[PDB]
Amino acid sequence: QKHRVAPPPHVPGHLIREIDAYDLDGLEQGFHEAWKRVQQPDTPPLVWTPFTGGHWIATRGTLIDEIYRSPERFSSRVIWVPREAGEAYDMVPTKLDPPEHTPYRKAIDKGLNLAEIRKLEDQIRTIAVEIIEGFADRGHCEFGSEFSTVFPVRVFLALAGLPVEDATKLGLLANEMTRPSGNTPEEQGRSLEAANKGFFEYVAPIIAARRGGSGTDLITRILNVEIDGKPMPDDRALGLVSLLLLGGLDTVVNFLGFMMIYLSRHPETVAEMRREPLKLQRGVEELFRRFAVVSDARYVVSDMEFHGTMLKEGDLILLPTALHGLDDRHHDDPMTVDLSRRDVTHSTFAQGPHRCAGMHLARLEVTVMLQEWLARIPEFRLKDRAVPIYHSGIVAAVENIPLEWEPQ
């Protein structure tokens, strides 16, 4: 049964579209394909859905980019749908607007800036090689369970100085953050609340132990950056360390699954990467354009007209980031990975003050992954008649990616 809310008075019938972000029409064909169904040639730039508590969806890249760049008009006070889940959400600094946001982002950047991430290349490579060597000679693997859910998790837990045995419990919490269970807005709100509490419970003892600590791990480093000349308060620290884990452990996992399904179906593209290693390196941003996974929201600060659409204070707008990178008004043949594409502009990492703090780490993990994969498994395909299984929500997911090759 589908839960609908009635449109508010300011939403005209001609803008209503029945779009379920948590179970997109056509999702069985793929997450990106399903979002692309929404972006028809004449669809309005903003449409309103009665599902998921009732909310707007931006359907074109220029709006998505603009909204993310405009915190004074589109606030992060709520960035999840349904609203109940967005009100429960307590992660830092994603829930903050400038100026409150900026010292927290500065603290994170001390740990995640490009120069710091470059130091991690070798550690990341060792992890990738170890995993790949486990199955390269075999001629097959289930890429989800045997690689994409393993590699970024081992990388991040090592970087954070946390035990790899905590991977399962943390992944379960992440799932309920980004794809909360339930079929009513209130149920999904409760699910997110419970997940967010689980993260806080996990991180609290770590924070208490690492304040003033001598560890060189990511958490100690960021935690101990002063905020306006004093130690970071507990409330903020809980949300901050939780967000590191949420971003660090989930997002790259699912990005890799989408990417690899595509590459397994496009051996010509793989061959280009193998023949031209600089094309691989320089082409990673094109992969980010093509395989967006986040669809999150902003809160309309004031009654306004935006792109010819009347918005009321408190309205939520979902920003399906795939609809920027894949917008045919921004990129010709958008579903094609073209490693030499000069304009790769996208909002896979969003825009504006919150533009992904982990983007350098994400890029490095993907680059190293492709390098070490192709070194050992240069050619590969998706098993005949295999059907990956897709999930939509605030972060997309995919499972069942059986790959096959002739061992080299």
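Position 1 is the first residue in the sequence shown; the rest follow in order.
Comparing 379-387 with 28-36, the stretch with the higher mean C-alpha B-factor in the PDB entry is 379-387. The question of which stretch, 182-190 or 152-160, has the higher mean Cα B factor is settled in favour of 182-190. You'll see in the entry that, of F288, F258, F135, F74, the Cα B factor peaks at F135.
For the set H101, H331, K312, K110, the maximum C-alpha B-factor listed in the entry falls on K110. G215: CA B factor in the highest third of modelled residues in this chain (values from the PDB entry). Sort the modelled residues of the chain by CA B factor and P12 lands in the middle third. In the deposited entry, the Cα temperature factor of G352 places it in the highest third of its chain's modelled residues. For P320, the recorded CA temperature factor ranks within the lowest third of the chain's modelled residues. In the PDB entry, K230 places in the highest third of its chain by CA B-factor.
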